[PDB]
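Comments concern the structure below.
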Amino acid sequence: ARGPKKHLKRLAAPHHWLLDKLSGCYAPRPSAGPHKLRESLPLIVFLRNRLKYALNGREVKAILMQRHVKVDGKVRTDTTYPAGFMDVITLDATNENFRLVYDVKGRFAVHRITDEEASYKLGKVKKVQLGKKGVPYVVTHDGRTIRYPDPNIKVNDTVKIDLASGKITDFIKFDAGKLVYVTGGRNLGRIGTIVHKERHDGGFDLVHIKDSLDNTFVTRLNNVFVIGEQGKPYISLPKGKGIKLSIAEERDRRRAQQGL
Amino acid sequence: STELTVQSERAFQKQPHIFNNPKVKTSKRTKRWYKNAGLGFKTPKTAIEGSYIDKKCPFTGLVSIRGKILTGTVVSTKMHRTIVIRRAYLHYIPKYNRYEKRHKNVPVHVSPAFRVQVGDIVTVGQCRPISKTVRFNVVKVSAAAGXXXXXXXXX
Amino acid sequence: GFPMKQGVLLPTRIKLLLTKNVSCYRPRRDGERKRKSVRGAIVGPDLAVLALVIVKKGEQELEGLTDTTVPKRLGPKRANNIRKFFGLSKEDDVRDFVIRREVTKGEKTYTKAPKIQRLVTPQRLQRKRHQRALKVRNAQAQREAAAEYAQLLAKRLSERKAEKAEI
Amino acid sequence: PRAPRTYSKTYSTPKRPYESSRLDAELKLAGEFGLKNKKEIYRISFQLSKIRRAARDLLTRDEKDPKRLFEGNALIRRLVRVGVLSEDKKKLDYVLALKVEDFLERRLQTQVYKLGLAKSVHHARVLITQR
Amino acid sequence: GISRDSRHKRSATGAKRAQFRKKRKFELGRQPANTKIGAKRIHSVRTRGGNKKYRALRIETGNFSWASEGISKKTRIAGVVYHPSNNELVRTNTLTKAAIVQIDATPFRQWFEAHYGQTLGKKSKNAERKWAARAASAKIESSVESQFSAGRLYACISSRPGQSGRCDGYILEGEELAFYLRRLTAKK
RNA sequence: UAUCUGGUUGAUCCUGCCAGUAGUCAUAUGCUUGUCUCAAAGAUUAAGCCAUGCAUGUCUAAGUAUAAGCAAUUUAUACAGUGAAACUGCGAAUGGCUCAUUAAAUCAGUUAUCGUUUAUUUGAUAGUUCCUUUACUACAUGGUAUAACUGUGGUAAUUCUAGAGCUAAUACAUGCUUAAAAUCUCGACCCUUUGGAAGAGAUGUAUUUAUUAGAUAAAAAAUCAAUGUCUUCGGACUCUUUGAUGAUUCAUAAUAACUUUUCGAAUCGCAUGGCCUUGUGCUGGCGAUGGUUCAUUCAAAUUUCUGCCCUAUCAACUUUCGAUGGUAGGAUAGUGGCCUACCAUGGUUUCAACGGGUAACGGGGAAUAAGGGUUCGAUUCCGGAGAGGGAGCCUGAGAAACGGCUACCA
RNA sequence: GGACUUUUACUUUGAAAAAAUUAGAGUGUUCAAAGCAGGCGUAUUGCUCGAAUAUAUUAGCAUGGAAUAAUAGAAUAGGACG
RNA sequence: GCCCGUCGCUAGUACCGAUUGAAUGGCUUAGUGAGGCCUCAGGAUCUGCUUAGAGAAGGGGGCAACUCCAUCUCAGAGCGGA
Ligand SMILES: [Mg+2]
Ligand SMILES: [Mg+2]
Ligand SMILES: [Mg+2]
Ligand SMILES: [Mg+2]
Ligand SMILES: [Mg+2]
Ligand SMILES: [Mg+2]
Ligand SMILES: [Mg+2]
Ligand SMILES: [Mg+2]
Ligand SMILES: [Mg+2]
Ligand SMILES: [Mg+2]
Ligand SMILES: [Mg+2]
Ligand SMILES: [Mg+2]
Ligand SMILES: [Mg+2]
Ligand SMILES: [Mg+2]
Ligand SMILES: [Mg+2]
Ligand SMILES: [Mg+2]
Ligand SMILES: [Mg+2]
Ligand SMILES: [Mg+2]
Ligand SMILES: [Mg+2]
Ligand SMILES: [Mg+2]
Ligand SMILES: [Mg+2]
Ligand SMILES: [Mg+2]
Ligand SMILES: [Mg+2]
Ligand SMILES: [Mg+2]
Ligand SMILES: [Mg+2]
Ligand SMILES: [Mg+2]
Ligand SMILES: [Mg+2]
Ligand SMILES: [Mg+2]
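Chains as they are written, first to last, in PDB author numbering: chain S4, 2 to 261; chain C1, 2 to 156; chain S6, 60 to 226; chain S9, 2 to 132; chain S8, 2 to 123, 135 to 200.
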């Protein structure tokens, strides 16, 4: 179709943005960058649909073009900047610090974090290689490229990140029994420690998971994000701690908390 | 299929970037190269032993196997160094809630590191586009012959 | 009205395919061409107007031509260009040799001047300075990170020796 | 190019066309609860139709099945919450039962009459609509 | 113009296939360089996505390497002598990859009679040491030294001159040379 | 939400079709028409034809301002405010419409690139540029030629343009530079050993080619050729160093060279400061545009498995002028009969090839409600095709573009 | 990590899986068609539930099963293990 | 009583049929072949680099001898580009 698409209709737009059907006909099309289109969060959605900070779009460009918001460290002046999982949305004024992280429903949630947890970030090393002049490097899912990492750093590991500088301060391997946030699938959002890796040479390595409610399930290694030790997380998870209560469980909880 | 000759072309046949130094008095004349394909199909001894070239061989050639791995029961060997198999199956029509006998014929490349006749079940694997139609290449013979020498004369 | 075009010969008219940078065609789009008509470069009586240019002045002054002279509108704006309309040697300071155009604001007569580009100024020297600086700096930085990693691997090998010694 | 404004209609008209008995009953029900259409009845018996439908469908599934419980209990609690279904028969083998009059007896039309305040179903109509 | 699709062309069953969409630039092809000999004349070409390709109509010199000697020299290309795809490329002395060419020889002689000090065919101290450390390591080869007598060495092209603007190759040798020789003379 | 009713006989009971009955995100039309919300709509016929208008242009402190432009003030006698025209840059490949062709094509679910391109976004990445290398190459910055403009013109006519006279750059065309160290080649001398040497050139990145490293399937030795580090001068070599994948000639690096040599900042804006040997020396703040290679991201191109309506009053098809395969090249961004050359005779088919019809774009879907089915989908989302018919192409990252050009037919 | 593996059909569970449609939960758009809202106070400088679940079938991958139905094996012994 | 066929009138539909009838659409032989693209050439003008003369500049540093870099200006000559 003669080149690249620069528009995005509603209904096409990823459902996990939670846009309403009417009110127009298009949605904002995520720019290019750190996170893939079909799994990000453009600044306008956040600042308008999640925080209700600006009423229009015009007002989001109004806010933005005054450097109030800063992403993962830098400022960012892109209404449709592709912000995504594991990132840091800072409001310098208002004193507010956000980490972009998933629900249990598998949606991006607003989540308030500390002034100090907003100094670093975690990035799943999607690839580790050798480059020009012998310099090996590691590249992480948000498109971070870090020169010279610890040789013990492999693929499918995760990595703590300075944000101040760039460099990696500590890294967690992909071992049997480690805290895992699932990114993708229906089990996107659940968090469950790891049971065991089904190998499968040639295609689609499987990952067997169990949370702290003794419930099991399975997703592709593709969609597995190592995030720590049993109980011990490396960032502030949000409410519900990704445990997935049944339809019944949530009908009871939501309808037990009822006394005025 | 090849058989004999090896150097039977207008062009010289050889493996690429596999220099054999004449200044050095070798015992094997031609230095050879090879690999194993992966997933556990032993790169058979006929490949390493042989003299042929075929840069389309999955073990001595420069074509990597990846993607679908399929089996099928060979029905055509009349095409030099390539064959046609008939993969069969049963297709499910919903209205009648039953099956009908269906089949398709895939043309695959086959290194001379396998000798094949018609009947032999074969296991092929997807490679890059090799010819106009060849999207696969022969990787294992899960057969042998089907008792042709146990069809011999008399007592 | 069709124009001539140098070196097409032919005392007739023809229809050429023209391009950027070429007589009798100013394009409308990046890499556009039009095929248009042109009159030849060989004069005929078909010609409404000849366009001619003097090169030797004869023996009688033509009235509105060799009696009048008319200025060349603009003057030198680039650094060296000035230094070659006056011949100064990179010495005699441009800034004041520029051409200053007077014009009245009724009773406020003003005087305006160009913008000597490619002029050598302190700020550009500051930028050159910071170029070289940034280069060497990042270079050294690289060397040092490189060494740091080198150690990392060396006293990783030491650890493998220790582990291999334990057993 | 905008999201399709969805709809669906709200009634189910008689299979047979000229059934005396059913016509009688219709005109009765209209004349009690003060309705203008036969459609006003159609609509009702239709809602009834879908409801009793999903009731049957739920009741083929196994007892204490997730769907059966969630949607069963949901349906019941909903029905009762507007006061059509009896607190006593609160387990959906009576939602399968039900009937049309029981649905009719919950209309604002009707309630604005049942507790006096109008003394005439048609007075109920006119009063209601008249602000 | 030339479209390298397979939307022309019969199916594998031979059925006849319909025009579905027109020709697109991305599936295009361009004409032969048909590179020839003498006086370097190269024209770039604007390939897809920025990117040049260098198409070499006419060359005379090329970078030819003695594979089993560790060196690479530049020489006038003589002519083309043998070609496996098409005889015409030989009569027309066209240059393509895998064309059997002949080259200057004299540069490889100037290097050999220096690094080896042996002289093919038919005084300094350090130098004496070098040439002394180097022998039984200078048997060269029969046919190769013969070609050195000829003044003209048989080599094979390796580069794509109609793609890169280069004419590069490796001197023929051993089994390969044996081949193209036996072909050279059973057609002589 | 699992129903029937009338019509064959003098009467009957069947077979059976006609008619009745109900709904249609199903069109039309007739009669009638008061309120709320909702709101499809030149698809079908003719992808037939088109008057007029509009539907793509765009500027930041930050590329170009001597408007003979407006504003004057506020420090600005190079520039400075604001800013038409124009240059430069980017966009015009999105969108919007239509459904004509298309029947293994598209499309769909599912794979593939170890088979390629990629503007941009984001993350990384550059001390190497000159030359027989003391009487040096502008680096305190090298070249003109152009629009606009001024002026002279032509045509009935257009976003027609000619001759003349100027002048800009992040346009055009060039062209300097920077630490150390090492390893390679030569090698003037001296001296016979076991042999060593001042110092001469070379070594950014990219391109092209050849060679080489890139180990690991459990462990040990003798010998030919070269030849490395340490002498307790018979001799030893002890510790020895290694990435990723199911899988590579992979990443990555080293050797000899190759190149009408890719890139390696002659750019811009706000501030102006330290620091003495007082040279306008030598430095230096924030951030803008760029720039080679890598990664990312938006993409694209191909691509594996399986699935399409009716038709035998279509049984054989496929190589004229590639049909199926092999080798080699050429071409491409790249695989491949994509094309060429030689070589062979293969490929599909009653499990329906091939041919024909489609009032045929494919899907998500729609309608009809026991179920199983039957009918439909031009049409709000996804994918594809086209712009009266074709073909050709320029520009570009990206088009065989049509609100782009060129030709033919109409 | 080395060494090898008779072929299948069925069936199970699951991964991978667009939204809008549809089934469906919550919510009193004054009802309803809908919409994905909205609901609590200090209604003077905020508190807060949401935006579910189901289908997704043929194929492909992944996993349990070993009935039913096939398929191959040792007879000129060119058999089986060491 | 029923009922069959030629024959006869009226109307409608299809079929055979001289005209080697007609029209539309889609492929296609042969011949002819626009146009862009590629290529061998061409050279309206318009400069490059090299070689040398004549008139003057600026000094690598001397008492006479000695000597580099850039820049413009015309008789005239070798090796390429647009
Ligand atoms: Mg955007
Ligand atoms: Mg893979
Ligand atoms: Mg054959
Ligand atoms: Mg400037
Ligand atoms: Mg040619
Ligand atoms: Mg029925
Ligand atoms: Mg009757
Ligand atoms: Mg009677
Ligand atoms: Mg129409
Ligand atoms: Mg001004
Ligand atoms: Mg579009
Ligand atoms: Mg010029
Ligand atoms: Mg071939
Ligand atoms: Mg190709
Ligand atoms: Mg065949
Ligand atoms: Mg159609
Ligand atoms: Mg259809
Ligand atoms: Mg459709
Ligand atoms: Mg239609
Ligand atoms: Mg329409
Ligand atoms: Mg198109
Ligand atoms: Mg039209
Ligand atoms: Mg077009
Ligand atoms: Mg238009
Ligand atoms: Mg258009
Ligand atoms: Mg005509
Ligand atoms: Mg007709
Ligand atoms: Mg022609």
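Ideal Cβ positions, reconstructed from N, Cα and C, are used throughout, including at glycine.
Proximal residues, the segment 122 to 143 of chain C1 versus chain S8, C-beta separation under 8 Å: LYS133 and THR134
Measuring only from the beta carbon, is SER32 (chain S4) closer than 6 Å to any heavy atom that is part of ligand 1? yes
Taking Cβ positions, are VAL125 (chain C1) and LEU63 (chain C1) nearer each other than 7 Å? no
Is the beta carbon of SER170 (chain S8) less than 7 Å from the beta carbon of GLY181 (chain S8)? yes
Near-chain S4 residues of the segment 30 to 54 of chain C1 - C-beta to any C-beta below 7 Å: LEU40
Ordered along the chain, which non-local residues of its own chain (more than five positions away) have a Cβ less than 7 Å from that of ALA14 (chain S4)? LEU20 and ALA28
For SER66 (chain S8) and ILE72 (chain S8), which I take to be in contact (beta-carbon distance under 8 Å), what is that distance rounded to the nearest angstrom? 7 Å
Within 10 angstroms of its Cβ, does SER7 (chain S8) collect 16 or more other Cβ (buried), or is it exposed? exposed
Does ligand 4 have even one heavy atom less than 6 Å from the beta-carbon of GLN176 (chain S6)? yes
Evaluate contact between the segment 4 to 18 of chain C1 and the segment 51 to 59 of chain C1, counting only Cβ atoms and requiring at least three cross-stretch pairs below 8 Å. yes
Give the residues of chain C1 in contact with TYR166 (chain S8), contact being defined as C-beta atoms less than 7 Å apart. Here the premise fails: no neighbours, minimum Cβ distance about 12 Å.
With DSSP as the reference, identify every bridge partner of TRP67 (chain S8), one or two as the case may be. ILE72 (chain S8)
Does the beta-carbon distance from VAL82 (chain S8) to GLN111 (chain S8) come in below 7 Å? no
Does the beta carbon of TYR149 (chain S4) come closer than 7 Å to any beta carbon on chain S6? yes
Inter-residue Cα distance where the pair is residue 1 (chain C1) and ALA57 (chain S8): Lying before the first or after the last residue shown, residue 1 (chain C1) is absent from chain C1, which here runs from 2 to 156.
Own chain partners of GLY107 (chain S4) with C-beta closer than 6 Å, once the 5 adjacent residues on each side are dropped: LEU189 and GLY190
Bridge partner(s) assigned by DSSP for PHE20 (chain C1): The partner list for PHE20 (chain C1) (beta bridge, DSSP) is empty, contrary to what the question assumes.
Using a beta-carbon distance below 7 Å, is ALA100 (chain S8) in contact with chain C1? no
How should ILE101 (chain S6) be labelled, buried or exposed, when 16 other C-beta atoms within 10 angstroms of its C-beta is the threshold for buried? exposed
List, in order along the chain, the chain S8 residues whose C-beta lies closer than 7 Å to that of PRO23 (chain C1)? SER69, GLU153, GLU185 and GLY186
Interface partners of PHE109 (chain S8) on chain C1, CB under 8 Å: Neighbours of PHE109 (chain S8) on chain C1: none; closest Cβ ~15 Å, over 8 Å.
Closest Cβ-Cβ distance between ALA4 (chain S9) and chain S4: below 7 Å? yes
Rounded to whole angstroms, what is the Cα-Cα separation between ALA213 (chain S6) and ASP206 (chain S4)? 34 Å
My output table needs one value for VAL109 (chain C1): the three-state DSSP class, helix, strand or coil. strand
I want to know whether the segment 205 to 224 of chain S4 touches the segment 107 to 123 of chain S4 - three or more CB-CB distances under 8 Å. no
What residues from chain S4 crowd round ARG215 (chain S6), counting only those whose CB sits closer than 8 Å? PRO152
Cβ-based burial, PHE109 (chain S8) [other Cβ within 10 Å; buried from 16]: buried
Quick one: what does DSSP say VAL142 (chain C1) is sitting in, helix, strand or coil? coil
Between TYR84 (chain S6) and chain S4, is there a C-beta pair that is closer than 7 Å? no
Could you tell me whether the Cβ of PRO85 (chain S8) comes closer than 7 Å to any Cβ of chain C1? yes
Give the residues whose C-beta lies closer than 7 Å to at least one heavy atom of ligand 3, in chain order. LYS79 (chain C1), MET80 (chain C1) and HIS81 (chain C1)
In this structure, what does DSSP give as the bridge partners for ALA167 (chain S8)? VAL102 (chain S8) and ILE183 (chain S8)
Pull up the distance between the alpha-carbon of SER45 (chain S8) and that of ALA2 (chain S4), whole angstroms please. 29 Å
Can you give me the Cβ contacts of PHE226 (chain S4) inside the same chain, cut-off strictly under 6 Å, excluding the 5 residues immediately before and after it? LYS125, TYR182 and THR184
By the three-class DSSP mapping on this structure, what secondary structure does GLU203 (chain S6) have? helix
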